[PDB]
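S.K.: Would you mind keeping the following structure in view while I ask a few things?
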Amino acid sequence: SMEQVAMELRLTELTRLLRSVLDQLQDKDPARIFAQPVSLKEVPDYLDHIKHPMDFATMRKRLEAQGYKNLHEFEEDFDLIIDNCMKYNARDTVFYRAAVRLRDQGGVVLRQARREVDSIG
């Protein structure tokens with residue numbers, strides 16, 4: 001139908017906006033601490049600690065499948081990256097500190113994305 005096409009165009013355009021959001025967020029992680037899944041070879045007990053792992057590569061796979069229906073779902077995944085790290089790692093670690101800086105700096109990017117999504121429908 002013409003309605004299914006129009007909806008598909010909306011999802012395509014959301015995906016395009018979320019791809020730019022993801023790029024901006026990932027620039028706030030220049031050390032690439034959150035780029036890839038925590039290795040279960042190198043941290044074999046990770047899943048005993050963290051029940052829903054997340055990372056930027058995994059978000060990019062979901063994005064390119066148009067697997068984010070709205071900004072809320074995308075933010076949920078970004079928040080898991082931060083929140084998983086801040087639980088698994090102690091406060092006095094490079095990992096925890098990197099998460100705090102990503103959270104703080106990403107808030108700015110996400111604040112305006114929420115406006116662009118409400119604005120452009």
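Chain labels follow the order of the structure tokens: the first chain is A, the next B, and so on; residue numbering restarts at 1 in every chain, and ligands are counted from 1 in their shown order.
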Please list as a list in words every residue within 6 Å of range 78-84 of chain A, counting only C-alpha atoms and excluding residues in the same chain fewer than 2 positions away.
M.R.: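 Selected residues are residues 54, 55, 75, 76, 86, 87 and 99 of chain A.
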S.K.: Excluding same-chain residues fewer than 6 positions from range 96-98 of chain A, what lies within 8 Å of it counting only C-alpha atoms, as a list in words?
M.R.: residues 29, 33, 85, 86, 89 and 90 of chain A
S.K.: Counting only C-alpha atoms, what is within 9 Å of residue 117 in chain A, bar same-chain residues fewer than 6 positions away, as a CSV table (one decimal) with C-alpha atoms, in the first residue's frame?
M.R.:
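Contents of around-v3.csv, freshly written:
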chain,number,residue,atom,x,y,z
A,14,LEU,CA,14.7,7.8,11.5
A,17,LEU,CA,19.1,10.5,11.9
A,70,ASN,CA,11.9,5.2,17.8
A,71,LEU,CA,14.6,7.2,19.6
S.K.: Between CA of residue 11 in chain A and CA of residue 58 in chain A, what is the distance in Å, rounded to a tenth?
M.R.: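 Separating CA of residue 11 in chain A from CA of residue 58 in chain A is a distance of 19.0 Å.
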S.K.: Residues at most 12 Å from residue 38 in chain A, counting only C-alpha atoms, excluding those fewer than 2 positions away in the same chain, as a list in words?
M.R.: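 Counting only the stated atoms, we get residues 32, 33, 34, 35, 36, 40, 41, 42, 43, 44, 45, 46, 47, 49, 50, 52, 53, 54, 55, 56, 57, 58, 81, 84, 85, 88 and 95 of chain A.
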S.K.: DSSP on the backbone: which residues in chain A end up as alpha helix (DSSP H)? Give the answer as JSON, numbers by chain.
M.R.: {"A": [2, 3, 4, 5, 6, 7, 8, 9, 10, 11, 12, 13, 14, 15, 16, 17, 18, 19, 20, 21, 22, 23, 24, 25, 26, 27, 46, 47, 48, 49, 56, 57, 58, 59, 60, 61, 62, 63, 64, 71, 72, 73, 74, 75, 76, 77, 78, 79, 80, 81, 82, 83, 84, 85, 86, 87, 88, 94, 95, 96, 97, 98, 99, 100, 101, 102, 103, 104, 105, 106, 107, 108, 109, 110, 111, 112, 113, 114, 115, 116, 117, 118, 119]}
S.K.: Can you pull out the residues contacting range 20-25 of chain A? Cut-off 9 Å, using only C-alpha atoms, and skip same-chain residues under 2 positions away; I want them as number ranges by chain.
M.R.: A: 15-18, 27-29, 56, 59-60, 78, 102, 105-106, 109-110, 113
S.K.: Output the selection as a PDB file, in the first residue's frame - N, CA, C and O atoms for each residue.
M.R.:
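Written file, selection35.pdb:
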ATOM      1  N   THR A  15      16.278   6.128  10.665  1.00  0.00           N
ATOM      2  CA  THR A  15      17.512   5.370  10.643  1.00  0.00           C
ATOM      3  C   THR A  15      18.619   6.274  10.249  1.00  0.00           C
ATOM      4  O   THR A  15      19.733   6.187  10.826  1.00  0.00           O
ATOM      5  N   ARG A  16      18.380   7.188   9.278  1.00  0.00           N
ATOM      6  CA  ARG A  16      19.408   8.135   8.860  1.00  0.00           C
ATOM      7  C   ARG A  16      19.783   9.098   9.988  1.00  0.00           C
ATOM      8  O   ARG A  16      20.958   9.409  10.164  1.00  0.00           O
ATOM      9  N   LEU A  17      18.795   9.575  10.703  1.00  0.00           N
ATOM     10  CA  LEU A  17      19.073  10.477  11.851  1.00  0.00           C
ATOM     11  C   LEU A  17      19.837   9.707  12.972  1.00  0.00           C
ATOM     12  O   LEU A  17      20.821  10.240  13.566  1.00  0.00           O
ATOM     13  N   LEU A  18      19.385   8.488  13.262  1.00  0.00           N
ATOM     14  CA  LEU A  18      20.032   7.665  14.339  1.00  0.00           C
ATOM     15  C   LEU A  18      21.443   7.264  13.954  1.00  0.00           C
ATOM     16  O   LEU A  18      22.341   7.116  14.832  1.00  0.00           O
ATOM     17  N   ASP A  27      32.050   9.198  18.780  1.00  0.00           N
ATOM     18  CA  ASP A  27      33.183  10.138  18.897  1.00  0.00           C
ATOM     19  C   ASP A  27      33.524  10.552  20.308  1.00  0.00           C
ATOM     20  O   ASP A  27      34.678  10.976  20.537  1.00  0.00           O
ATOM     21  N   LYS A  28      32.554  10.480  21.223  1.00  0.00           N
ATOM     22  CA  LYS A  28      32.771  10.753  22.619  1.00  0.00           C
ATOM     23  C   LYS A  28      33.416   9.599  23.382  1.00  0.00           C
ATOM     24  O   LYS A  28      33.496   9.642  24.627  1.00  0.00           O
ATOM     25  N   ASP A  29      33.851   8.580  22.643  1.00  0.00           N
ATOM     26  CA  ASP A  29      34.533   7.383  23.188  1.00  0.00           C
ATOM     27  C   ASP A  29      35.773   7.217  22.341  1.00  0.00           C
ATOM     28  O   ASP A  29      35.961   6.242  21.634  1.00  0.00           O
ATOM     29  N   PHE A  56      28.734  -0.536  20.889  1.00  0.00           N
ATOM     30  CA  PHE A  56      28.403   0.243  19.717  1.00  0.00           C
ATOM     31  C   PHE A  56      28.313  -0.604  18.463  1.00  0.00           C
ATOM     32  O   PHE A  56      27.451  -0.282  17.560  1.00  0.00           O
ATOM     33  N   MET A  59      24.852  -2.132  18.450  1.00  0.00           N
ATOM     34  CA  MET A  59      23.822  -1.094  18.105  1.00  0.00           C
ATOM     35  C   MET A  59      23.829  -0.796  16.600  1.00  0.00           C
ATOM     36  O   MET A  59      22.756  -0.676  15.994  1.00  0.00           O
ATOM     37  N   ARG A  60      25.018  -0.709  15.983  1.00  0.00           N
ATOM     38  CA  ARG A  60      25.111  -0.445  14.569  1.00  0.00           C
ATOM     39  C   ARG A  60      24.469  -1.567  13.748  1.00  0.00           C
ATOM     40  O   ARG A  60      23.832  -1.291  12.758  1.00  0.00           O
ATOM     41  N   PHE A  78      21.860   2.651  24.322  1.00  0.00           N
ATOM     42  CA  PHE A  78      23.023   3.481  24.768  1.00  0.00           C
ATOM     43  C   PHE A  78      23.178   3.498  26.292  1.00  0.00           C
ATOM     44  O   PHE A  78      24.292   3.309  26.837  1.00  0.00           O
ATOM     45  N   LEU A 102      31.377   9.605  28.651  1.00  0.00           N
ATOM     46  CA  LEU A 102      30.418   9.307  27.524  1.00  0.00           C
ATOM     47  C   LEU A 102      28.985   9.700  27.835  1.00  0.00           C
ATOM     48  O   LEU A 102      28.307  10.315  26.986  1.00  0.00           O
ATOM     49  N   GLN A 105      28.801  13.733  28.039  1.00  0.00           N
ATOM     50  CA  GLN A 105      28.930  14.311  26.713  1.00  0.00           C
ATOM     51  C   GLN A 105      27.850  13.906  25.741  1.00  0.00           C
ATOM     52  O   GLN A 105      27.487  14.701  24.826  1.00  0.00           O
ATOM     53  N   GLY A 106      27.352  12.687  25.886  1.00  0.00           N
ATOM     54  CA  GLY A 106      26.276  12.219  25.047  1.00  0.00           C
ATOM     55  C   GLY A 106      24.947  12.867  25.335  1.00  0.00           C
ATOM     56  O   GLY A 106      24.111  12.938  24.440  1.00  0.00           O
ATOM     57  N   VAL A 109      23.974  15.584  22.946  1.00  0.00           N
ATOM     58  CA  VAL A 109      23.678  15.073  21.600  1.00  0.00           C
ATOM     59  C   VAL A 109      22.261  14.518  21.584  1.00  0.00           C
ATOM     60  O   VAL A 109      21.482  14.779  20.663  1.00  0.00           O
ATOM     61  N   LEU A 110      21.953  13.733  22.601  1.00  0.00           N
ATOM     62  CA  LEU A 110      20.620  13.154  22.812  1.00  0.00           C
ATOM     63  C   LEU A 110      19.511  14.160  23.125  1.00  0.00           C
ATOM     64  O   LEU A 110      18.383  13.972  22.685  1.00  0.00           O
ATOM     65  N   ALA A 113      18.683  15.514  19.599  1.00  0.00           N
ATOM     66  CA  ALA A 113      18.039  14.463  18.829  1.00  0.00           C
ATOM     67  C   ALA A 113      16.603  14.319  19.243  1.00  0.00           C
ATOM     68  O   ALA A 113      15.776  14.126  18.370  1.00  0.00           O
TER      69      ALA A 113
END
